[PDB]
Structures are given as C-alpha cells and as structure tokens.
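Structure file structure.pdb; described as PDB, C-alpha atoms.
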ATOM      1  CA  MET C   1      34.900   6.322  -9.659  1.00  0.00           C
ATOM      2  CA  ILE C   2      36.749   9.596  -8.899  1.00  0.00           C
ATOM      3  CA  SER C   3      40.162   9.636  -7.161  1.00  0.00           C
ATOM      4  CA  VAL C   4      40.944  12.109  -4.385  1.00  0.00           C
ATOM      5  CA  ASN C   5      43.703  13.439  -6.656  1.00  0.00           C
ATOM      6  CA  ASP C   6      41.295  14.288  -9.533  1.00  0.00           C
ATOM      7  CA  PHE C   7      38.668  16.637  -8.027  1.00  0.00           C
ATOM      8  CA  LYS C   8      37.595  19.827  -9.823  1.00  0.00           C
ATOM      9  CA  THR C   9      34.986  22.514  -9.220  1.00  0.00           C
ATOM     10  CA  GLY C  10      31.561  21.436 -10.516  1.00  0.00           C
ATOM     11  CA  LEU C  11      31.744  17.616 -10.338  1.00  0.00           C
ATOM     12  CA  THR C  12      28.467  15.832  -9.496  1.00  0.00           C
ATOM     13  CA  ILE C  13      28.666  12.934  -7.008  1.00  0.00           C
ATOM     14  CA  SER C  14      26.551  10.553  -4.900  1.00  0.00           C
ATOM     15  CA  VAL C  15      27.461  10.179  -1.198  1.00  0.00           C
ATOM     16  CA  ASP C  16      25.559   9.448   2.049  1.00  0.00           C
ATOM     17  CA  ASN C  17      22.338   8.755   0.103  1.00  0.00           C
ATOM     18  CA  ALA C  18      22.184  12.229  -1.470  1.00  0.00           C
ATOM     19  CA  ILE C  19      23.369  13.796  -4.745  1.00  0.00           C
ATOM     20  CA  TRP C  20      25.690  16.805  -4.688  1.00  0.00           C
ATOM     21  CA  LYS C  21      27.717  19.354  -6.656  1.00  0.00           C
ATOM     22  CA  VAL C  22      31.298  20.253  -5.652  1.00  0.00           C
ATOM     23  CA  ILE C  23      31.178  24.033  -4.951  1.00  0.00           C
ATOM     24  CA  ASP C  24      34.815  24.299  -3.711  1.00  0.00           C
ATOM     25  CA  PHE C  25      37.460  21.968  -2.280  1.00  0.00           C
ATOM     26  CA  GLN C  26      40.993  21.700  -0.868  1.00  0.00           C
ATOM     27  CA  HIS C  27      43.468  18.920  -1.711  1.00  0.00           C
ATOM     28  CA  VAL C  28      45.298  18.277   1.589  1.00  0.00           C
ATOM     29  CA  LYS C  29      48.814  16.814   1.932  1.00  0.00           C
ATOM     30  CA  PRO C  30      49.388  15.920   5.625  1.00  0.00           C
ATOM     31  CA  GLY C  31      53.088  16.362   6.226  1.00  0.00           C
ATOM     32  CA  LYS C  32      54.756  13.665   4.206  1.00  0.00           C
ATOM     33  CA  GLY C  33      51.835  11.183   4.137  1.00  0.00           C
ATOM     34  CA  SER C  34      48.693  10.210   2.302  1.00  0.00           C
ATOM     35  CA  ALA C  35      46.668  12.991   0.681  1.00  0.00           C
ATOM     36  CA  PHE C  36      42.915  13.529   1.059  1.00  0.00           C
ATOM     37  CA  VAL C  37      40.201  16.045   0.048  1.00  0.00           C
ATOM     38  CA  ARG C  38      37.999  18.393   2.104  1.00  0.00           C
ATOM     39  CA  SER C  39      35.030  19.476  -0.044  1.00  0.00           C
ATOM     40  CA  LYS C  40      32.105  21.921   0.143  1.00  0.00           C
ATOM     41  CA  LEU C  41      29.025  20.234  -1.381  1.00  0.00           C
ATOM     42  CA  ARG C  42      25.605  21.591  -2.441  1.00  0.00           C
ATOM     43  CA  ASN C  43      22.662  19.150  -2.220  1.00  0.00           C
ATOM     44  CA  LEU C  44      21.082  19.021  -5.702  1.00  0.00           C
ATOM     45  CA  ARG C  45      17.531  18.512  -4.159  1.00  0.00           C
ATOM     46  CA  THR C  46      17.482  21.047  -1.342  1.00  0.00           C
ATOM     47  CA  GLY C  47      20.270  23.588  -1.821  1.00  0.00           C
ATOM     48  CA  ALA C  48      21.790  22.839   1.619  1.00  0.00           C
ATOM     49  CA  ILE C  49      25.593  23.072   1.936  1.00  0.00           C
ATOM     50  CA  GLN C  50      27.675  20.540   3.906  1.00  0.00           C
ATOM     51  CA  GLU C  51      31.359  19.686   4.261  1.00  0.00           C
ATOM     52  CA  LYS C  52      32.539  16.173   3.328  1.00  0.00           C
ATOM     53  CA  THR C  53      36.000  14.606   3.644  1.00  0.00           C
ATOM     54  CA  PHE C  54      37.215  11.925   1.224  1.00  0.00           C
ATOM     55  CA  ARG C  55      40.197   9.858   2.367  1.00  0.00           C
ATOM     56  CA  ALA C  56      42.862   8.371   0.124  1.00  0.00           C
ATOM     57  CA  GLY C  57      41.706   5.226  -1.658  1.00  0.00           C
ATOM     58  CA  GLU C  58      38.003   5.971  -1.161  1.00  0.00           C
ATOM     59  CA  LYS C  59      36.694   6.023  -4.779  1.00  0.00           C
ATOM     60  CA  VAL C  60      33.894   8.616  -4.873  1.00  0.00           C
ATOM     61  CA  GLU C  61      30.767   7.607  -6.850  1.00  0.00           C
ATOM     62  CA  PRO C  62      29.878   9.855  -9.839  1.00  0.00           C
ATOM     63  CA  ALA C  63      26.292  10.999 -10.448  1.00  0.00           C
ATOM     64  CA  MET C  64      24.893  11.766 -13.960  1.00  0.00           C
ATOM     65  CA  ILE C  65      22.070  14.331 -14.123  1.00  0.00           C
ATOM     66  CA  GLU C  66      19.850  14.420 -17.248  1.00  0.00           C
ATOM     67  CA  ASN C  67      18.379  17.823 -18.226  1.00  0.00           C
ATOM     68  CA  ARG C  68      15.568  17.769 -20.828  1.00  0.00           C
ATOM     69  CA  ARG C  69      13.565  20.445 -22.689  1.00  0.00           C
ATOM     70  CA  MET C  70       9.899  19.326 -22.430  1.00  0.00           C
ATOM     71  CA  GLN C  71       6.416  20.647 -23.329  1.00  0.00           C
ATOM     72  CA  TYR C  72       3.408  20.339 -21.010  1.00  0.00           C
ATOM     73  CA  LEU C  73       0.680  18.755 -23.146  1.00  0.00           C
ATOM     74  CA  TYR C  74      -2.380  18.434 -20.897  1.00  0.00           C
ATOM     75  CA  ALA C  75      -3.819  17.113 -17.656  1.00  0.00           C
ATOM     76  CA  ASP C  76      -5.274  13.581 -17.568  1.00  0.00           C
ATOM     77  CA  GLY C  77      -7.175  13.472 -14.297  1.00  0.00           C
ATOM     78  CA  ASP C  78      -4.381  13.208 -11.753  1.00  0.00           C
ATOM     79  CA  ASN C  79      -1.786  12.676 -14.508  1.00  0.00           C
ATOM     80  CA  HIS C  80       0.080  15.588 -16.052  1.00  0.00           C
ATOM     81  CA  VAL C  81       1.614  14.555 -19.371  1.00  0.00           C
ATOM     82  CA  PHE C  82       4.882  16.116 -20.655  1.00  0.00           C
ATOM     83  CA  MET C  83       6.574  15.445 -24.019  1.00  0.00           C
ATOM     84  CA  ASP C  84      10.324  15.374 -24.750  1.00  0.00           C
ATOM     85  CA  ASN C  85      10.982  17.954 -27.501  1.00  0.00           C
ATOM     86  CA  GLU C  86      13.757  15.865 -29.130  1.00  0.00           C
ATOM     87  CA  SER C  87      12.542  12.272 -28.772  1.00  0.00           C
ATOM     88  CA  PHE C  88       8.776  12.669 -28.304  1.00  0.00           C
ATOM     89  CA  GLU C  89       8.840  10.333 -25.292  1.00  0.00           C
ATOM     90  CA  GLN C  90       6.115  11.030 -22.711  1.00  0.00           C
ATOM     91  CA  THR C  91       6.504  11.340 -18.915  1.00  0.00           C
ATOM     92  CA  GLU C  92       3.588  11.359 -16.448  1.00  0.00           C
ATOM     93  CA  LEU C  93       3.862  13.507 -13.310  1.00  0.00           C
ATOM     94  CA  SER C  94       1.272  13.688 -10.518  1.00  0.00           C
ATOM     95  CA  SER C  95      -0.458  16.606  -8.801  1.00  0.00           C
ATOM     96  CA  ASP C  96       1.115  15.373  -5.555  1.00  0.00           C
ATOM     97  CA  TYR C  97       4.545  15.886  -7.109  1.00  0.00           C
ATOM     98  CA  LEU C  98       3.712  19.229  -8.791  1.00  0.00           C
ATOM     99  CA  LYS C  99       1.707  20.745  -5.919  1.00  0.00           C
ATOM    100  CA  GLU C 100       3.145  24.283  -6.010  1.00  0.00           C
ATOM    101  CA  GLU C 101       3.885  24.383  -9.754  1.00  0.00           C
ATOM    102  CA  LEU C 102       0.194  23.778 -10.605  1.00  0.00           C
ATOM    103  CA  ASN C 103      -0.590  27.349  -9.530  1.00  0.00           C
ATOM    104  CA  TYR C 104       1.186  28.397 -12.754  1.00  0.00           C
ATOM    105  CA  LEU C 105       1.203  25.555 -15.327  1.00  0.00           C
ATOM    106  CA  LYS C 106      -0.938  25.780 -18.450  1.00  0.00           C
ATOM    107  CA  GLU C 107      -1.349  23.721 -21.614  1.00  0.00           C
ATOM    108  CA  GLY C 108       1.486  24.369 -24.070  1.00  0.00           C
ATOM    109  CA  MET C 109       4.117  25.673 -21.641  1.00  0.00           C
ATOM    110  CA  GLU C 110       7.820  24.839 -22.085  1.00  0.00           C
ATOM    111  CA  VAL C 111       9.673  23.513 -19.009  1.00  0.00           C
ATOM    112  CA  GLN C 112      13.019  21.897 -18.153  1.00  0.00           C
ATOM    113  CA  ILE C 113      13.000  18.598 -16.203  1.00  0.00           C
ATOM    114  CA  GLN C 114      16.013  17.096 -14.377  1.00  0.00           C
ATOM    115  CA  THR C 115      16.299  13.338 -13.728  1.00  0.00           C
ATOM    116  CA  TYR C 116      18.783  11.133 -11.801  1.00  0.00           C
ATOM    117  CA  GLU C 117      18.671   7.339 -12.390  1.00  0.00           C
ATOM    118  CA  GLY C 118      14.906   7.464 -12.952  1.00  0.00           C
ATOM    119  CA  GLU C 119      13.860   9.779 -10.321  1.00  0.00           C
ATOM    120  CA  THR C 120      12.592  13.154 -11.110  1.00  0.00           C
ATOM    121  CA  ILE C 121      14.500  15.758  -9.106  1.00  0.00           C
ATOM    122  CA  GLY C 122      13.238  19.110 -10.474  1.00  0.00           C
ATOM    123  CA  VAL C 123      10.904  20.990 -12.847  1.00  0.00           C
ATOM    124  CA  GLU C 124      11.935  24.512 -13.914  1.00  0.00           C
ATOM    125  CA  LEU C 125       9.032  26.765 -15.026  1.00  0.00           C
ATOM    126  CA  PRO C 126       9.120  29.924 -17.137  1.00  0.00           C
ATOM    127  CA  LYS C 127      10.020  32.969 -14.997  1.00  0.00           C
ATOM    128  CA  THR C 128       6.613  34.658 -15.636  1.00  0.00           C
ATOM    129  CA  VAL C 129       3.261  33.374 -16.954  1.00  0.00           C
ATOM    130  CA  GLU C 130       0.038  34.820 -18.456  1.00  0.00           C
ATOM    131  CA  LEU C 131      -3.161  33.654 -16.671  1.00  0.00           C
ATOM    132  CA  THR C 132      -6.785  34.842 -17.041  1.00  0.00           C
ATOM    133  CA  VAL C 133      -8.961  36.117 -14.163  1.00  0.00           C
ATOM    134  CA  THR C 134     -11.940  33.837 -13.519  1.00  0.00           C
ATOM    135  CA  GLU C 135     -13.308  35.536 -10.361  1.00  0.00           C
ATOM    136  CA  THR C 136     -13.027  39.036  -8.864  1.00  0.00           C
ATOM    137  CA  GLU C 137     -15.353  41.797  -7.695  1.00  0.00           C
ATOM    138  CA  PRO C 138     -16.416  44.213 -10.479  1.00  0.00           C
ATOM    139  CA  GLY C 139     -14.691  47.527 -10.938  1.00  0.00           C
ATOM    140  CA  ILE C 140     -16.504  50.649  -9.793  1.00  0.00           C
ATOM    141  CA  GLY C 141      -2.546  51.935  -4.021  1.00  0.00           C
ATOM    142  CA  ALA C 142      -5.298  49.561  -2.884  1.00  0.00           C
ATOM    143  CA  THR C 143      -5.780  45.900  -3.785  1.00  0.00           C
ATOM    144  CA  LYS C 144      -8.481  43.227  -3.966  1.00  0.00           C
ATOM    145  CA  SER C 145      -8.508  39.428  -4.296  1.00  0.00           C
ATOM    146  CA  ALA C 146      -8.652  37.691  -7.705  1.00  0.00           C
ATOM    147  CA  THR C 147      -8.702  33.998  -8.686  1.00  0.00           C
ATOM    148  CA  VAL C 148      -7.025  32.913 -11.964  1.00  0.00           C
ATOM    149  CA  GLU C 149      -7.659  29.940 -14.308  1.00  0.00           C
ATOM    150  CA  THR C 150      -5.422  27.517 -12.355  1.00  0.00           C
ATOM    151  CA  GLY C 151      -7.306  28.132  -9.078  1.00  0.00           C
ATOM    152  CA  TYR C 152      -4.499  30.377  -7.778  1.00  0.00           C
ATOM    153  CA  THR C 153      -5.707  33.441  -5.800  1.00  0.00           C
ATOM    154  CA  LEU C 154      -3.658  36.674  -5.397  1.00  0.00           C
ATOM    155  CA  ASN C 155      -3.947  40.421  -4.629  1.00  0.00           C
ATOM    156  CA  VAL C 156      -4.413  42.740  -7.662  1.00  0.00           C
ATOM    157  CA  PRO C 157      -5.202  46.435  -8.327  1.00  0.00           C
ATOM    158  CA  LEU C 158      -8.807  47.631  -8.173  1.00  0.00           C
ATOM    159  CA  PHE C 159      -9.004  48.298 -11.937  1.00  0.00           C
ATOM    160  CA  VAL C 160      -8.642  44.593 -12.865  1.00  0.00           C
ATOM    161  CA  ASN C 161     -11.724  42.964 -14.459  1.00  0.00           C
ATOM    162  CA  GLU C 162     -12.822  39.338 -14.800  1.00  0.00           C
ATOM    163  CA  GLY C 163     -11.387  37.993 -18.057  1.00  0.00           C
ATOM    164  CA  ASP C 164      -8.223  40.133 -17.905  1.00  0.00           C
ATOM    165  CA  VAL C 165      -4.893  38.439 -18.682  1.00  0.00           C
ATOM    166  CA  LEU C 166      -2.417  38.890 -15.817  1.00  0.00           C
ATOM    167  CA  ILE C 167       1.387  38.596 -15.967  1.00  0.00           C
ATOM    168  CA  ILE C 168       2.484  36.808 -12.749  1.00  0.00           C
ATOM    169  CA  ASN C 169       5.965  36.071 -11.370  1.00  0.00           C
ATOM    170  CA  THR C 170       6.384  32.287 -10.789  1.00  0.00           C
ATOM    171  CA  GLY C 171       9.155  32.800  -8.222  1.00  0.00           C
ATOM    172  CA  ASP C 172       7.196  34.855  -5.661  1.00  0.00           C
ATOM    173  CA  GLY C 173       3.610  34.553  -6.992  1.00  0.00           C
ATOM    174  CA  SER C 174       3.163  38.332  -7.367  1.00  0.00           C
ATOM    175  CA  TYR C 175       1.189  40.377  -9.868  1.00  0.00           C
ATOM    176  CA  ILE C 176       3.355  42.320 -12.381  1.00  0.00           C
ATOM    177  CA  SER C 177       0.998  43.902 -14.989  1.00  0.00           C
ATOM    178  CA  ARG C 178      -1.812  43.146 -17.451  1.00  0.00           C
ATOM    179  CA  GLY C 179      -1.317  41.450 -20.801  1.00  0.00           C
TER
END
Is it possible to express this structure as structure tokens?
Amino acid sequence: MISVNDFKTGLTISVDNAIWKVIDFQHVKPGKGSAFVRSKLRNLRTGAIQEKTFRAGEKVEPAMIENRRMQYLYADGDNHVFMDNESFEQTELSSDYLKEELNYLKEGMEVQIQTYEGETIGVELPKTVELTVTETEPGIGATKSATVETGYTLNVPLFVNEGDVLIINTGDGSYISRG
C-alpha cells in the first residue's frame, strides 16, 4: 500500500468502503514527532468531497480503475450488450442500471465504461446524439412536445415534423437543432 510520506495529487485509493481520488493534500510534521497526511478526496461514484486523515504507519489501500472504449451493439430484452473495441469481450448491462442513459443510447454508439474490481462504476455517452421524431403534432419562440425513437419526450420548435432527425444534448436533455 501507499505510505503517508509518498502521496501525490491524483492517486486513486479505497477507504471507508468508497473509492476516491486525491484532489489536494498536506503532509503534516507535528513539532518534532511522527508525520501524517490531511487529504481532500473526491468520491469516484458521486462527486462528493470529504477530508480524510491518514496517520503514520497506516498503509492506504490503492484502487485500480479500468477505462475501456466500447461499442453498444444491441438490446436483448432487458440486456444491453456492449463490445470491447480491443478485445471483443462482451459485457451485459441492465435497463435498471442504465435508466437515464437509455433516453439517448442507440445501436452503434461508442461509449467509455469504467470498472473497479468487477463493478461497473460509470458509462460516459457522446456529448450529443441524433434521434428521430416518432410522434408530434403536424406543422401548420413557441414550442410543442415531441417523442423520439428511444421513448424520450422533449420540447421542440413548431416547425419540427415527424421523421425529423434531432440533435440533442445528453447532459441536459435539450434540443439543439435538426440534422
């Protein structure tokens, strides 16, 4: 493990049943005695920030995060199958893990998946996506509702027609323009 005398910005560690990144830290020398570390840690699941103190002799546990470039192949009922671009290994993720991301995912999309000791900790989508309109009122600074091919519904300009391709921001869910 990591000694209190060997910290640096950016180390990844496991402590108190969470995984964390060292954002900043101070190496403390108390008078003439035994040194310790006060660290600022970011939780790699939630983004919360907490202070943690490591005392001399403690032996902090390292954490290895795997980051993989993957392709979404297709849905298999409740299973969503992704392929590793380098190895061709397949991973199956569930709708109940991907609840919000399914508003935007479509067959063929490239994603990045992060894993810690077998657990899946994140899926990073493209920043924008192109999705077709399956339901909206016909055309005849005002908006109307539209449903796209994933089931996602959003507000769009009055000129949009069923079958149009929309460019949508995956961060805030908003309409950008037509494709």
What residues come out when you apply the PyMOL selection byres ((chain C and resi 88) around 12) to this file, written as a CSV table (one decimal) with C-alpha atoms, keeping the file's coordinate frame?
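The new file selection31.csv reads:
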chain,number,residue,atom,x,y,z
C,68,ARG,CA,15.6,17.8,-20.8
C,69,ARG,CA,13.6,20.4,-22.7
C,70,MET,CA,9.9,19.3,-22.4
C,71,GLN,CA,6.4,20.6,-23.3
C,72,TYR,CA,3.4,20.3,-21.0
C,73,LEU,CA,0.7,18.8,-23.1
C,81,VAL,CA,1.6,14.6,-19.4
C,82,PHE,CA,4.9,16.1,-20.7
C,83,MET,CA,6.6,15.4,-24.0
C,84,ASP,CA,10.3,15.4,-24.8
C,85,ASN,CA,11.0,18.0,-27.5
C,86,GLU,CA,13.8,15.9,-29.1
C,87,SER,CA,12.5,12.3,-28.8
C,89,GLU,CA,8.8,10.3,-25.3
C,90,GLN,CA,6.1,11.0,-22.7
C,91,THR,CA,6.5,11.3,-18.9
Expected axis-aligned box over every listed atom of segment 47-58 of chain C, 4 Å added per side, centre plus edges in Å to one decimal, as AutoDock Vina command-line options:
--center_x 31.6 --center_y 14.4 --center_z 1.2 --size_x 30.6 --size_y 26.4 --size_z 14.1
(request) Give me, please, the distance in Å between atom CA of residue 122 of chain C and atom CA of residue 106 of chain C, quoted to one decimal. (result) 17.6 Å
(message) So the first atom is atom CA of residue 34 of chain C and the second is atom CA of residue 1 of chain C; what is the distance between them in Å, to one decimal place?
(response)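 Pair atom CA of residue 34 of chain C / atom CA of residue 1 of chain C returns 18.7 Å.
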(request) Using atom CA of residue 140 of chain C and atom CA of residue 167 of chain C as the two end points, give the distance in Å to one decimal. (result) 22.4 Å
Long-range neighbours of segment 93-98 of chain C as an mmCIF file with C-alpha atoms, in the frame of the given file, 7 Å cut-off, all atoms listed in the file, 2 positions minimum in chain:
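part.cif was written with the following content:
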data_model
loop_
_atom_site.group_PDB
_atom_site.id
_atom_site.type_symbol
_atom_site.label_atom_id
_atom_site.label_comp_id
_atom_site.auth_asym_id
_atom_site.auth_seq_id
_atom_site.Cartn_x
_atom_site.Cartn_y
_atom_site.Cartn_z
ATOM 1 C CA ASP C 78 -4.381 13.208 -11.753
ATOM 2 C CA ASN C 79 -1.786 12.676 -14.508
ATOM 3 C CA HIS C 80 0.080 15.588 -16.052
ATOM 4 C CA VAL C 81 1.614 14.555 -19.371
ATOM 5 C CA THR C 91 6.504 11.340 -18.915
ATOM 6 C CA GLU C 100 3.145 24.283 -6.010
ATOM 7 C CA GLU C 101 3.885 24.383 -9.754
ATOM 8 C CA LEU C 102 0.194 23.778 -10.605
#
(request) Determine, counting all atoms listed in the file, which protein, DNA and RNA residues have an atom within 10 Å of an atom of residue 155 of chain C; residues of the same chain fewer than 2 positions away are not included. Present the result as a PyMOL selection string. (result) chain C and resi 142-147+153+157-158+173-175
(message) Please determine, counting all atoms listed in the file, which residue among C:105, C:160, C:13, C:37 has the shortest atom-to-atom distance to residue 128 of chain C.
(response)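 Looking at the shortest contact to residue 128 of chain C, the residue is C:105.
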(request) Apply the PyMOL selection byres ((chain C and resi 135) around 8) to the file shown and report the selected residues as a ChimeraX atom specification. (result) /C:133-134,136-137,146-148,162
Can you translate the PyMOL selection byres ((chain C and resi 116) around 12) into the concrete residues it hits in this file, as a CSV table (one decimal) with C-alpha atoms, keeping the file's coordinate frame?
chain,number,residue,atom,x,y,z
C,12,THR,CA,28.5,15.8,-9.5
C,13,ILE,CA,28.7,12.9,-7.0
C,14,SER,CA,26.6,10.6,-4.9
C,18,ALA,CA,22.2,12.2,-1.5
C,19,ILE,CA,23.4,13.8,-4.7
C,20,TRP,CA,25.7,16.8,-4.7
C,44,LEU,CA,21.1,19.0,-5.7
C,45,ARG,CA,17.5,18.5,-4.2
C,62,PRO,CA,29.9,9.9,-9.8
C,63,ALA,CA,26.3,11.0,-10.4
C,64,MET,CA,24.9,11.8,-14.0
C,65,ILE,CA,22.1,14.3,-14.1
C,66,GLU,CA,19.8,14.4,-17.2
C,67,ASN,CA,18.4,17.8,-18.2
C,68,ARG,CA,15.6,17.8,-20.8
C,113,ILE,CA,13.0,18.6,-16.2
C,114,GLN,CA,16.0,17.1,-14.4
C,115,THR,CA,16.3,13.3,-13.7
C,117,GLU,CA,18.7,7.3,-12.4
C,118,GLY,CA,14.9,7.5,-13.0
C,119,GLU,CA,13.9,9.8,-10.3
C,120,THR,CA,12.6,13.2,-11.1
C,121,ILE,CA,14.5,15.8,-9.1
C,122,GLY,CA,13.2,19.1,-10.5
(request) Could you tell me which of C:10, C:154, C:131, C:149 comes closest to residue 178 of chain C if we count all atoms listed in the file? (result)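 Nearest to residue 178 of chain C: C:131.
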(request) Find the residue from C:32, C:27, C:40, C:127 that sits nearest to residue 5 of chain C; use all atoms listed in the file when measuring. (result) C:27
(message) So, with only C-alpha atoms as the atoms that count, which of C:99, C:151, C:110, C:104 lies closest to residue 129 of chain C?
(response)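 Smallest separation from residue 129 of chain C among the options: C:104.
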(request) Would you list the contacts of residue 16 of chain C as an MDAnalysis selection string, taking every protein, DNA or RNA residue within 12 Å and counting all atoms listed in the file, but skipping same-chain residues closer than 4 positions in sequence? (result) chainID C and resid 20 41 43 50:54 60:61
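Proximity of C:124, C:141, C:156, C:74 to residue 108 of chain C, computed with all atoms listed in the file, is greatest for C:74.
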(message) Using only C-alpha atoms, can you tell me which of C:21, C:3, C:166, C:111 comes closest to residue 46 of chain C?
(response)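 The shortest atom-to-atom distance to residue 46 of chain C comes from C:21.
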